[PDB]
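Chains as they are written, first to last, in PDB author numbering: chain 4, 1 to 92; chain 3, 6 to 92. No residue lacks a Cβ here, since even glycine has one placed at the ideal position from N, Cα and C. For reference, the structure is listed below as structure tokens.
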DNA sequence: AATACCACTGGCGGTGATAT
DNA sequence: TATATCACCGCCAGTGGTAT
């Protein structure tokens, strides 16, 4: 319905990429979805939604997660990385 | 209402538009066309009615030929921090 | 003319509980 | 325990129509 909009195919692949990085690294980083949520100031279901392709990433959340997982945003979402780069061109 | 800093940002932004409009041949509708939105929406931003976010601020900066920091140092800072994650 | 004003609404960005 | 999923929705940025 009207309340929530489904993600594009591209947003879906971005989420699969993100969740795989999280799985590969949650051990070495000592993470949990609940700790990630805390770091971001949301609950486990908010993070679960991003990881599972229910809610889409925005530039801000993507940047935060990249930092938490210690990767660059482009390793999961090249398109958001590029939107972030184009915004940067307006500051620099 | 928006915060005092958000209101200042809007005042800086409109001042810039007022000053460069003639040389750049702009109007609130043409700037709106350029951002994919309507005159009403643009007017709300210029007038401190709706808050600016990083994307719209970056578009506006490019349309006005200025840097984001010229109207909103706080947003410029946010932008830079996201970039720290793409680097 | 160009801009400002008004009432309104889709969908972003979540929540807590429950199921696995 | 950790995660995945479910029902649910506040809020406001942007709207189109109109007034100045």
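Exercise for review: Please name the residues in the stretch 64 to 78 of chain 4 whose beta-carbon is closer than 7 Å to at least one beta-carbon of chain 3, in chain order.
Suggested key: Residues of the stretch 64 to 78 of chain 4 whose Cβ lies closer than 7 Å to any Cβ of chain 3, in chain order: 66, 67, 72, 73, 74.
Review point. Using a Cβ-Cβ distance under 7 Å, would residue 87 (chain 4) count as near chain 3?
Key: Within the first chain, the letter at position 87 stands for residue 87 (chain 4). It does; some Cβ of chain 3 falls within 7 Å.
Practice item. Hey, could you find the ends of the alpha helix (DSSP H) residue 61 (chain 3) is sitting in? Key: The residue labelled residue 61 (chain 3) in the question sits at position 56 within the second chain. Taken as a continuous stretch (DSSP letters only), the alpha helix (DSSP H) holding residue 61 (chain 3) covers 59 to 69.
Point to revise | Chain-ordered residues of the stretch 16 to 28 of chain 4 with a beta carbon less than 9 Å from chain 3 | key: none
**Study point:** Where residue 91 (chain 3) falls: helix, strand or coil (DSSP)
**Key:** For this step, residue 91 (chain 3) is matched to residue 86 along the second chain. Coil, per DSSP.
Exercise for review: Would you mind telling me which residues of chain 3 sit closer than 7 Å to residue 91 (chain 4), beta carbon to beta carbon, in chain order?
Suggested key: Start at 1 with the first residue of the first chain, and residue 91 (chain 4) comes out as number 91. Neighbours of residue 91 (chain 4) on chain 3, chain order: 72, 73, 74, 81, 84, 85.
**Study point:** Under 8 Å (Cβ pairs) to chain 4, residues found in the stretch 26 to 60 of chain 3
**Key:** For the stretch 26 to 60 of chain 3, which is checked against every Cβ of chain 4, the residues closer than 8 Å are 59, 60.
Exercise for review: For residue 92 (chain 3), count neighbouring C-beta atoms within 10 Å of its own C-beta (all shown protein chains included) and say buried if the count is 16 or more, exposed if not.
Suggested key: As a working mapping, residue 92 (chain 3) is identified with position 87 in the second chain. Under this definition residue 92 (chain 3) is an exposed residue.
Check your understanding: Taking all protein chains shown into account, do 16 or more other C-beta atoms lie within 10 angstroms of the C-beta of residue 84 (chain 3), making it buried, or fewer, making it exposed?
Key -> Residue 84 (chain 3) sits at position 79 when you count from the first residue of the second chain. By the 10 Å Cβ count, residue 84 (chain 3) comes out buried.
Review point. Out of curiosity, what's the CA-to-CA distance linking residue 77 (chain 3) and residue 8 (chain 3)?
Key: Locating residue 77 (chain 3) in the second chain gives position 72, where the first residue counts as 1. Locating residue 8 (chain 3) in the second chain gives position 3, where the first residue counts as 1. For residue 77 (chain 3) and residue 8 (chain 3), the distance between alpha carbons rounds to 13 Å.
Exercise for review: Could you pull the start and end residues of the alpha helix (DSSP H) that residue 56 (chain 4) belongs to?
Suggested key: Reading the first chain from its first residue, position 56 is the one you call residue 56 (chain 4). It is not in any alpha helix (DSSP H) - residue 56 (chain 4) carries neither H nor E in the DSSP assignment.
Exercise for review: Give the straight-line distance between the Cα atoms of residue 32 (chain 4) and residue 53 (chain 4), rounded to the nearest whole angstrom.
Suggested key: Here residue 32 (chain 4) refers to the residue found at position 32 of the first chain. Here residue 53 (chain 4) refers to the residue found at position 53 of the first chain. About 18 Å.
Review point. So does the stretch 49 to 63 of chain 3 actually touch the stretch 11 to 24 of chain 3, counting three or more Cβ pairs closer than 8 Å?
Key: yes
Exercise for review: Specify the secondary structure class of residue 25 (chain 4) as computed by DSSP and reduced to three states.
Suggested key: Mapped onto the first chain, residue 25 (chain 4) falls at position 25. It is helical.
**Study point:** Residue range of the unbroken alpha helix (DSSP H) whose run includes residue 34 (chain 3)
**Key:** On the second chain, residue 34 (chain 3) is found 29 positions in, with the first residue counted as 1. Note, residue 34 (chain 3): alpha helix (DSSP H), 33 to 40.
**Study point:** Sequence-distant residues of the same chain with beta carbon closer than 7 Å to residue 74 (chain 4), five excluded per side
**Key:** Position 74 of the first chain, counting from 1, holds the residue named residue 74 (chain 4). Once the five neighbours on either side are set aside, the close Cβ partners of residue 74 (chain 4) are 81.
Check your understanding: Does the Cβ-Cβ distance between residue 25 (chain 3) and residue 69 (chain 3) come in under 7 Å?
Key -> The residue given as residue 25 (chain 3) occupies position 20 in the second chain. The residue given as residue 69 (chain 3) occupies position 64 in the second chain. Their beta carbons are under 7 Å apart, which means residue 25 (chain 3) touches residue 69 (chain 3) by this criterion.
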